[PDB]
Amino acid sequence: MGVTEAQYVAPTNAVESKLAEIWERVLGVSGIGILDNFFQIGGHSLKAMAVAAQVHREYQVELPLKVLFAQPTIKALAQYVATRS
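Residues numbered from 1 in each chain as written, not as in the entry; some residues may be left out. Heavy atoms only, no water.

This entry, as listed in the PDB, derives from solution NMR.

Okay, here's the thing in structure tokens:
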């Protein structure tokens, strides 16, 4: 689904740039970022990072609404839900 190299890889914070880099280099290998596709939209992949988002939301089961994946602004959730403390 438009997996094609996204011309919107421009990140706002270093945290978003790093996350997008490691994710689109080990899984995506395409060239996406903050333009939605398969990652930040609903797909909970099969990595530990996903399982964490699942438990951090009390078993999302289906859709991870506002937790880490379902949101084109990782830095936003990073200082909200991911802040933990």
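Colleague: Looking at this structure, how should I read the layout of surface pockets?
Modeller: Rolled over the atoms, a probe as big as a water molecule pinpoints where empty space is left. Put simply, the largest pocket is a space of about 180 Å³. Surrounding the largest pocket, 14 residues form its lining, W23, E24, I32, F39 and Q40 being those nearest its centre. The greatest single-element share of the lining of the largest pocket, amounting to six residues, is contributed by helix α1 (residues 14-28). Among the residues forming the lining of the largest pocket, the class breakdown is eight nonpolar, five polar and one charged. (1 Å grid on protein atoms, 1.4 Å probe; cavity = no way out; pocket = protein on both sides within 12 Å on 5 of 7 lines; lining within 4 Å. Points joined across faces, edges and corners; volume = space filled by probe spheres on them. Helix = DSSP H or I, 4+ residues; strand = E, 2+ residues; numbered from the N terminus. Nonpolar A, V, L, I, M, F, W, Y, C, P; charged D, E, K, R; others polar.)

Colleague: Explain the nonpolar core here, please?
Modeller: For soluble globular proteins, nonpolar side chains are generally found buried alongside one another. One finds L19, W23, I34, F39, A50, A53, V67, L68, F69 and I74 forming the largest nonpolar core, which totals ten residues. At the level of secondary structure, the elements contributing two or more residues to this core comprise α1 and α2 (48-55). Those residues within four positions of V67 in sequence are excluded, and the remaining contacts are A53, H56, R57, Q60, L77 and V81. (Core = buried A, V, L, I, M, F, W, Y, C linked by side-chain atoms within 4.5 Å. Buried < 20%, exposed > 50% of the residue type's maximum accessible area, 1.4 Å probe, protein only. Contact = heavy atoms within 4.5 Å.)

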